[PDB]
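In structure tokens, the next block holds one chain alone, the form deposited in one PDB entry.
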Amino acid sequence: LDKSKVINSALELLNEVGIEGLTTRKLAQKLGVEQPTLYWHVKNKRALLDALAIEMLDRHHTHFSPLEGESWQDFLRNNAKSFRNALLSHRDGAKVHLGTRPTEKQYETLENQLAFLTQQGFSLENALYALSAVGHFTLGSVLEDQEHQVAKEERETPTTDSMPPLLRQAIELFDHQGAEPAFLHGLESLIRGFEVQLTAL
């Protein structure tokens, strides 16, 4: 048994049962090993969640690093988009990524993000703030829409509403246009505001 196999069977278990069903205990059963054998690969559920999130980035986050010739605006836009793909790759994916700590194998990538953004004119503090804001926005966009998908099935259908007109036009527009367009519009607004700040400085 190696760590790759443990991660792949845990990602298969995450899709079958969801994050709350993902226990070291059912993972062992699925691998054919005793529960204490897994300890050596993943010491507890947070270590397992960290490894699953990082495997989803290694598969899907194709813009983790800036690419040759990209502008900082194309790197931040593309980074948010491929981070969203990693969060959507598995059931409860964004819940698994929350609160993750990279390992040392990710440090070259993170140092290269900050070397690139400071080469492209940000201060180290504002490069931290821009990377922070893109990813937080992306996590909130995916988690809210994924939760809405489940929560809308758990509310009883009302006999009465009474909804005022601007609010009814707004929720109808949002639904018609879709949550992915909404995400791209907010992402663009962040990028435009980073550019305003970089100029003013």
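Quick note: we count residues from 1 along the sequence shown, nothing fancier.
In the other compared entries of this protein that model both flanking residues, residue 174 lacks coordinates in at least a third of them. Of the other compared PDB entries of this protein that include residues on both sides, all give residue 58 atoms, none of them, and so not a third, leaving it without. The stretch with the higher mean CA B factor, choosing between 142-150 and 25-33, is 25-33. 46-54 and 153-161 differ in mean CA B-factor, and the higher of the two is recorded for 153-161.
Among the modelled residues of the chain, residue 62 sits in the lowest third by CA temperature factor in this PDB entry.
Although it is not shown, the form deposited in another entry is what the next lines describe.
Only one of residue 70 and residue 13 lies in each rigid part of the chain between the shown form and the other one; they are split between the two.
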